[PDB]
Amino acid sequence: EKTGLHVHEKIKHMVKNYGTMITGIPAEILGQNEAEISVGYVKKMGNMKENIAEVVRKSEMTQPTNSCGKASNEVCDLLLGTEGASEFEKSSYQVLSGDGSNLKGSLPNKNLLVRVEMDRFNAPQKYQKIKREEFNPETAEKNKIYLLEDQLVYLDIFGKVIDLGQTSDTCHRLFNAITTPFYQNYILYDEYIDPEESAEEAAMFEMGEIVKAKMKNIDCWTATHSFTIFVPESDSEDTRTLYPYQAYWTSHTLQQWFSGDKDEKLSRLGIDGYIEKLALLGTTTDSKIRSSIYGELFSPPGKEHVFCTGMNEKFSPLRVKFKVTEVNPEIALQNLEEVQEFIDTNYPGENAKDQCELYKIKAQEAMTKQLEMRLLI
């Protein structure tokens, strides 16, 4: 009698209730470390105890993480354990099949944990014609196209020069077709430029269609999002659904994710239904539906129709990468129960709200004591 739904149940209850506390950092360390980073916010005149008080009160050290990756990291070290997850780090991610195949097939009827990473295509959208005489790869702007008199290169994120397979005769033409001075340093995929207007514009159009072509065989990928999904052992093809666990930068915490029961709402999609949506993210070339689906899956509960609109329209194409492994209910529920010991031992209280309010207070005190120390001269 130690289930897969017993680990979902227990980790969800515990995140919901103790927030940042599931990490099991003492409040005294939060306090000191926050004091350290905030020493400089304290006013320098008046009575220092009050000035310190003012900084300590505005703090939010106890509010849970926000980084989608630090959240998924700490899910990992619960469900799997320190050494557990450290050697799940190793496993390389498998990019998702056009249709969803590899994931479905990578989901036995054990107690498994997929960790996803999601990449955005950070391809260049700036270009600059320039003389070769004045180039300097460690001096110029990275992730950009350079058009020399006789060669067409990409400077990449790390500052490597990557040649774009063009003859020097095509380069010569392009360089010299582009004369009007504010298009010397400008953008590749402008929609207001017309090939059937100038030779310049035909050039700018053409160079752009080169770059677009080359670029679909270059690792421009950078990581954007992180989450986990939890797939408890079922006794059926229907009595089986999945539970995704995320946070998001400047949006929501895992705590928040669970309290609006998004995990549950996405488990009511079905497993094929989830992966089919998730698979479409990486394959559609329509921004409006890339945005829709992104919201559906990754927004905080309730803001699904407004998370990816206007300014947060998703324009980069995305690449979902997954990696799987299994979870021994017995090692996980020991990880969790070992956290609940720590809490009840050091932050005793009979409501949980009370146990947190004690944590915060102990944090605040620690912080106050460090600042009091630091600023006595």
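In this text, residue numbers run from 1 along the sequence as written.
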**Message:** If you take the mean CA temperature factor per stretch, which one wins between 235-243 and 201-209?
**Reply:** 235-243
**Fill in**
Ranked by mean Cα B-factor in the entry, 361-369 and 6-14, top stretch is 6-14
**Request:** In terms of CA temperature factor as recorded, identify the highest of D150, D119, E83, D163.
**Result:** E83
**Complete:** The residue of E34, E54, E60, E326 with the maximal C-alpha B-factor according to the PDB record is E326
**Message:** What third of the chain does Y347 rank in for C-alpha temperature factor, lowest, middle or highest?
**Reply:** middle
**Request:** Relative to the other modelled residues of the same chain, rank the CA B-factor of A223 and answer lowest, middle or highest third.
**Result:** lowest
**Complete:** For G302, the third of its chain by CA B-factor is the lowest
**Item:** Third assignment of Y294 from its chain's C-alpha B-factors
**Value:** lowest
**Request:** Pull the Cα B-factor of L336 out of the PDB entry and bin it into the chain's lowest, middle or highest third.
**Result:** middle
